[PDB]
Each structure stands twice: as structure tokens, then as C-alpha cells.
Amino acid sequence: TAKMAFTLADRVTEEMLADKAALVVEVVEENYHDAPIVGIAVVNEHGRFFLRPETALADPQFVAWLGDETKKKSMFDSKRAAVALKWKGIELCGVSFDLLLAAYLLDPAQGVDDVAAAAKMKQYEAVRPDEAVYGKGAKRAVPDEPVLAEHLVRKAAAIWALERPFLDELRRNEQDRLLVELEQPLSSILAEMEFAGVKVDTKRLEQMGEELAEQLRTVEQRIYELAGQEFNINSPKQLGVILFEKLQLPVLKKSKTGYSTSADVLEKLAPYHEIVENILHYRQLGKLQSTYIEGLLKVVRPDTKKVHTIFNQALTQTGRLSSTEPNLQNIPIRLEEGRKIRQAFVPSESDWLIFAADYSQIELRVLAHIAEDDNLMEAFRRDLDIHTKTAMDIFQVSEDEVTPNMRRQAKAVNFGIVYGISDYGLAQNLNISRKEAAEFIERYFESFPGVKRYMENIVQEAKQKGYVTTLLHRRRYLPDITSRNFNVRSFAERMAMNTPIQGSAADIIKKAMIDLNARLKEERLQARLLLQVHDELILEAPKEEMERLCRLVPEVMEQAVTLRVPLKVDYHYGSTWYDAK
DNA sequence: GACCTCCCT
DNA sequence: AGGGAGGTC
């Protein structure tokens, strides 16, 4: 039942500082920013050691071992440790293997988020799930030293044992370089971006809040004035009663528990009553208020007026990053009212500016490359407007004859083609029939027979191999590709179509980040990566570096990989993120 | 805490 | 196609 052998050290010794080791720097708080490090474990050829962080991190030897690149560490989720240590003024170097990132690449669907889950992949179970040790939610606590220490040593021991088999399988999948040269170096770069953070103009945000608060009072009362009664507009029950009982509005869609009040459904009810337009407007504002003024203000650090996101680099099934606390990959841009929120994200130093660079149509360009569709590749070699070109082709008209509605619909098809494309899926999106939506898809394929071929071929490959891959050898297993349930098989077919596109795009932007970081250092620029939003990079830099960045950044991003079509990068800069358009 | 719309790329 | 993050039992 019990205890693995280890030295509960009272001070740091030399044999703890070997040049190969499994290391655990445990930060139990979910948000690791400026968070406590609760204990340390080291396992190496000389044994297993638990150290107290107050001891270890006050020790010159240990700190210098941490920062020594030639001293190789094996860890789980090294970025967590790295950041927590940065907030304490200590550099972590020499991380040559990260089990979290290794597990993520081997199979992203396992949802590996702790050492235990990773260990299980190789029939190793001599370690506990963090959830069992720390608890979950309100009962979540750091346990007493003997339980804590044994757990960190078991995790370190698991890392030590598991490196070789993980690396072995990564190599067999041709994923070794993907780990060592892309994801691991990216992890350090993300660490720097998170630590640096983004400066927020809180005063600006707060006055926006106030404008909104007063706009919401007005609409809220107008809504009660129109419903002839007061009610909870946010309630699914109360509103559905006002809409579909008291006002007799027609029921166009019924959800699981009742009537749908989604924006798509409401937009269609607006002609019937003046209440509907005010409810939409109320929700748009309420969204900005709750999610983007209030939400953001509670995560700004009052000391520096910065937000420090955490990028989850081991979550998405596609190889994309996610962003949390705050999520800075969903800041409004589409609607001008919401876009103004970006005026609150400002450079962290005076006389600095925000620089934003974004790939133009990277997904469709990746598709052109992997499908080798002659027409699509030509379209991009001509740097055509792709939605216009797709319109001309599916409706068989000249540039002159393409109407704005034709272009809107071709665009929707382009998106749908990217996401796997179903007559029913597009039909819903375009507010039209499943037949006829099928006519569009069919028509598209007549113009892009290479894309059609790719779609068919990749689904067959998914079935044959059990998975699909990206440009840089990221893998996604698709076991549902064989189910006899149409809906479940279909979704897996869509993932088979989409994942090489979206995943290859993720691959390219990650390499660009790595390449950009190396060029920034080589050039001695003070410019720093602040954020990544799937197909764009956001930096801040002195005004005096703008001109050099205008050349340097797009170029690095464009040259990250060489495809059969060119990659294209647009860029802008300004006093705020908003103005960097 | 666990089941059930709207913002982004 | 991927994500993150108020009412209600």
C-alpha cells in the first residue's frame, strides 16, 4: 500500500544537482501567476529527494542548477513552473523533456492534465491523480508534508521512468522533432508572453462600463415597458413566457427544456413585436458588460494594471492554443461597439506601440497546398480575393456580375468547406435548404475537384490508418470514423477533413513564433510577443522599432514554411490594440 | 457543483 | 471546425 523511498532533505546537497534529473516544482493554484510553490521533488541517478521551496529557492547552488541550461530536467508542464519561478526572479533552464507536452502530441484526446493520466498511457500507475491528493473545488487543499512529499516524489519518479517510452513512441510516430524543436521551445516563449502580460487601461474600461450600465437601464425598462411587466430578462423561463405566451410570438424552435431564444431565432421574430430588437440589444450589451468590462477588470492585477493570460498548450484536439483568465483570443472585433473594448489594451511602456500581424486566409492556403487543387492554388498565386473568386466559379459569372449576396454565400461555403462541409450544416448557416445547400457544395467541387479529391482521400486515410496528420506531424486519432451511427461517423469525417487544415495552420504559426523570437534576439530588438490569436501575433515595441518590424515580422511569418502557394501576412500598429488595424 | 447563449479564429 | 465562460435543479 505504501511509501516510496526518499530523502526528505533539510538542506540542498551536491548529489541533488546532477546534470540529468526529473524535477517537480509544484504550484497547486490553478492560476500559477505569482502563485506559491508548495514543494520540490528531484529524482536522479543518486536517488529521490523532496526539498522545501523556502529552503531550495534560497539556495545559491540550487538556483544556479535551475538556471544552468546544461543541467537537463524532465518535467510535467514546465511552463507552470517556469512562470511561477519568474514571478520569484528565478530562471528555469535546461528542460529537455516535458511529459505533458509529450502526452499531448501522442494522443490529444486522452485529455492528459496530470502525471497520473500520462503514466496510465504506459501502464504505470504507481502515482496518484492530483485530484485525489489535492481534492476538487471547495475541499481543495494542500495536504500535510508527509502526504505532499510522497506525492511529488512519485510524480518525479513517474517522469523519470516514463521519459524513455514516451520518446520512443514519439520517434516511431516521427514526432520527436515536433516535441523537441517546436512545442518545447514554444513553451518557453509562451512562458515569457504570459509573464510579460498585457497592459490594460482600466480607467477607459471603467468609463465604458458606466456608459453601458446606463444604456442597459434604458433598454431594460423599454423591455419592461414593452412586456407590460417587469421580469428577469436573463431567465430562460420568464422570457420564454413573455415571448411565446403573453405576446403569442410564434415558436420557430424548441430547445431541450423549452423554447429557443437564441439570436438566430430572435432576429426572425423581430418583425412581430418591438420587444425583440430590444432583447437582442440588451444581450449584446449585457455580454460586453459581464464578459468584457467586468470580467476583464476582475483579472487585471491592481499592482501593474496588467492581465496575464495562461495559454493552455495541451488542450485542443487540433494543435491550437487556448487562452484563459482572461481569454484574450475572443475579444470582440466584428461589431464596432464591442471592438472599442480593444482600446483598453495598451502598450506597457510610454513611447511604445502595439504591432499586430495576421495571416491572410491561412486555412484556405493550407488546403490549396495539401489538396493540390490547381484552381485554388492559381487563385492564391494570383493573390485573388478568394470569396469573390469562389463566387465567380460556383455561380459561373464574371467579377462584374458577383453581387454582395453571392459573395456572402461563397464565403459561407468557403468556411463550411474548411470545417468539413455538410449540406445540412451550411443550409442552417445560410438560412436555406439542405437540398440546394448540397447544390452549392456540389458546385464548389466541380470548380475545385482537387479539394473534393482531398476530402474523399483523407476520410479513407483516416479509416485506414486510424488517424490524420498535419504538416508538422501532429496526429489526431479518429476512432468514430467507423461507427454505424450516421451522426457520429459524420462528425469524425468532418474532423478528418478539417484537422489537417486547422492543425497545419497551428503548426505554421507556432513555428513562426519560434522563428520570430529568434530573429528578435538576433536583431537586438526590445519588441515582445504579447499574444497569439490562432492566425495572428500581437506584439508591443518602442515606436522607433515599428518600421523594422513592418518588414521583419511578416517576412518571418511568411517564411515559417514553404507551401505550394505563398503565405501572406498583413500588419498594422497603433497606440492601442484597437488602432492596430 | 453539474446540465443547459454568445464572443473569437 | 476549434475554443472560454448566467439561471437553474
Side-chain angles (χ1 to χ4, degrees), chain A residues 108-109 135 137-138 140 231-236 238-240 253 255 257-267 279-280 282-283 285-296 298-299 309-335 337-339 341-342 356 358-364 366-367 412 414-422 425-426 429 455 458 468 470 474 476 478 490-506 509 531-538 577:
Chain A
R140 185 168 142 97
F231 65 102
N232 183 10
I233 299 156
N234 304 311
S235 176
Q238 307 190 12
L239 176 73
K253 180 153 348 134
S255 58
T257 325
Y259 334 100
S260 175
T261 62
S262 65
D264 77 88
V265 180
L266 288 177
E267 263 139 18
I279 292 168
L280 281 154
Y282 177 82
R283 284 191 179 171
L285 304 190
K287 183 69 164 174
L288 294 182
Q289 184 70 297
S290 302
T291 299
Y292 297 116
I293 289 95
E294 280 168 15
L296 205 50
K298 65 186 72 169
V299 288
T309 198
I310 293 178
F311 289 108
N312 195 327
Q313 183 186 0
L315 178 57
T316 73
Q317 302 305 308
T318 50
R320 285 191 172 177
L321 298 180
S322 85
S323 174
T324 64
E325 275 195 80
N327 174 7
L328 294 174
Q329 298 175 324
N330 76 340
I331 307 295
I333 185 61
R334 195 182 71 93
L335 284 170
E337 307 93 281
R339 195 183 199 159
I341 291 292
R342 292 172 169 236
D358 63 281
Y359 287 101
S360 177
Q361 304 295 343
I362 192 161
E363 288 180 337
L364 283 172
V366 167
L367 180 57
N414 273 334
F415 279 55
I417 284 290
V418 145
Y419 301 156
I421 129 249
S422 43
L426 184 56
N429 191 281
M455 265 4 164
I458 198 61
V468 298
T470 65
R474 193 177 306 274
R476 190 184 186 173
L478 293 172
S490 275
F491 196 12
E493 285 174 349
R494 285 196 280 284
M495 298 177 186
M497 292 181 278
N498 179 255
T499 293
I501 300 166
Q502 186 186 305
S504 294
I509 188 158
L531 307 174
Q532 185 256 227
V533 190
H534 311 316
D535 70 346
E536 70 181 339
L537 299 183
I538 312 297
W577 190 9

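These values consider heavy atoms only, across backbone and side chains, with no hydrogens, waters or symmetry-generated copies. Proteins come first, then strands; the chains are lettered A, B, ... in the order of their sequence lines, and each starts at number 1.
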Query - Donor-acceptor contact present, side-chain A/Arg474 to main-chain A/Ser504, <3.5 Å - result: no
Report summary line: Winner on side-chain proximity to A/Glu325, out of C/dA5, C/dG2, C/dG4, is C/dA5
Requested in this report: Would you indicate which nucleotide in B/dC8, C/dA5, C/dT8 comes nearest to any side-chain atom of A/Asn232?
Outcome: C/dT8
Query raised in the report: Any side-chain N or O of A/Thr291 less than 4.0 Å from the OP1 or OP2 oxygen of C/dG4?
Result: no
Query - Length of the CD-P vector between A/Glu294 and B/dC7, whole Å - result: 16 Å
Query raised in the report: Given pairs defined as Watson-Crick or G-U wobble with both distances under 3.5 Å, what dot-bracket annotation applies to DNA chain B, with ( ) intrastrand, [ ] crossing, | other strand and . unpaired?
Result: |..||||||
Query raised in the report: How would you label the contact of A/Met495 with the nucleic acid (heavy atoms, under 4.0 Å): base, sugar-phosphate, or nothing?
Result: sugar-phosphate
Query raised in the report: Any donor-acceptor pair under 3.5 Å linking the side chain of A/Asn498 with the backbone of A/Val418?
Result: yes
Query raised in the report: Under the side chain to side chain contact (heavy atoms under 4.5 Å, CB included) criterion, do A/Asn414 and A/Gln361 qualify, and how do the steps go?
Result: CA-CA 10 Å; A/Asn414 273 334; A/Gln361 304 295 343; over 6 Å; no
Query raised in the report: Just to confirm, is there a sub-4.0 Å distance from OP1 or OP2 of B/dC7 to any side-chain nitrogen or oxygen of A/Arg339?
Result: no
Requested in this report: Taking only the side-chain nitrogens and oxygens of A/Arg283, find out if one of them lies under 4.0 Å from OP1 or OP2 of B/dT5.
Outcome: no
Query raised in the report: Within the structure shown, what part of the strands sits under 4.0 Å from A/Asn498 by heavy-atom distance: base, sugar-phosphate, or nothing?
Result: sugar-phosphate
Query raised in the report: Checking all strands, does A/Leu315 fall into the base, sugar-phosphate, or nothing category for heavy-atom contacts under 4.0 angstrom?
Result: sugar-phosphate
Query raised in the report: For A/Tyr419 and C/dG3, what is the distance between atoms OH and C1' respectively, to the nearest whole Å?
Result: 11 Å
Query raised in the report: Should A/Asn327 be listed as having a side-chain N or O under 4.0 Å from OP1 or OP2 of C/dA5?
Result: no
Query raised in the report: Does B/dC4 have OP1 or OP2 sitting under 4.0 Å from an N or O in the side chain of A/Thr257?
Result: no
Requested in this report: From the options B/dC6, C/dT8, C/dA1, select the nucleotide whose nearest atom is closest to the side chain of A/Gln502.
Outcome: C/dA1
Report task. Report yes if at least one side-chain N or O of A/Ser235 is closer than 4.0 Å to OP1 or OP2 of C/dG6; otherwise report no. Result -> no
Requested in this report: Among C/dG4, C/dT8, C/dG6, find the nucleotide with the atom closest to the side chain of A/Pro236.
Outcome: C/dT8
Report task. Remember a base hit wins even if backbone is also touched, and classify A/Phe491 as base, sugar-phosphate or nothing at under 4.0 Å, heavy atoms. Result -> sugar-phosphate
**Report entry** Side chains of A/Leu531 and A/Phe311 in contact at under 4.5 Å (non-hydrogen atoms)
**Finding:** yes
Query raised in the report: Between A/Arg320 and A/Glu363, is there a salt bridge with N-O shorter than 4.0 Å?
Result: yes
Query raised in the report: For A/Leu285 and B/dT5, what is the distance between atoms CG and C1' respectively, to the nearest whole Å?
Result: 15 Å
Query raised in the report: Expressed in angstrom and rounded to an integer, what is the separation of A/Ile509 atom CD1 from B/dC8 atom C1'?
Result: 14 Å
Query raised in the report: Hey, what do you get for CG (A/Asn327) to CD (A/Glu325), rounding to the nearest 0.5 Å?
Result: 11.0 Å
Query raised in the report: From the list B/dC6, C/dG2, C/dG6, which nucleotide is the closest neighbour of the side chain of A/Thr316?
Result: C/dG2
Requested in this report: Name the nucleic acid region contacted by A/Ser323, choosing base, sugar-phosphate or nothing; use a 4.0 angstrom heavy-atom cut-off, strictly under.
Outcome: sugar-phosphate
Report task. Using atom CG of A/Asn414 as one end and atom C1' of B/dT9 as the other, report the distance to the nearest whole Å. Result -> 15 Å
Query raised in the report: What is the nucleic acid contact for A/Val418, judged by heavy atoms within less than 4.0 Å: base, sugar-phosphate only, or nothing?
Result: nothing
Query raised in the report: Less than 4.5 Å apart, any side-chain heavy atom of A/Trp577 and any of A/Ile341?
Result: no
Report task. To the nearest Å, give me how far apart CD1 (A/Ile538) and P (B/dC8) are. Result -> 15 Å
Query raised in the report: Within the structure shown, what part of the strands sits under 4.0 Å from A/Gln317 by heavy-atom distance: base, sugar-phosphate, or nothing?
Result: sugar-phosphate
Requested in this report: Give the nucleotide from the list B/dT9, B/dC8, C/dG2 with an atom nearest to the side chain of A/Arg334.
Outcome: B/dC8
Query raised in the report: Are the side chain of A/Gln289 and the backbone of A/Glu294 linked by a donor-acceptor contact shorter than 3.5 Å?
Result: no
Requested in this report: Determine whether any donor atom in the side chain of A/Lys287 lies under 3.5 Å from an acceptor atom in the base of B/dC7, or the reverse, and answer yes or no.
Outcome: no
Query raised in the report: Can you check the A/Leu288 CG to B/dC7 P distance for me, whole Å?
Result: 8 Å
Requested in this report: In sequence, state the C-alpha distance, the side-chain angles, and the governing distance for A/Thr261 and A/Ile279, and then conclude on side chain to side chain contact (heavy atoms under 4.5 Å, CB included).
Outcome: CA-CA 10 Å; A/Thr261 62; A/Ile279 292 168; over 6 Å; no
Requested in this report: Under 4.0 Å between any heavy atoms, over every strand shown, what does A/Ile501 touch: base, sugar-phosphate, or nothing? Just pick one.
Outcome: nothing
Query raised in the report: Taking atom P of C/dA5 as reference, at what distance in whole Å does atom CD1 of A/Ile293 sit?
Result: 17 Å
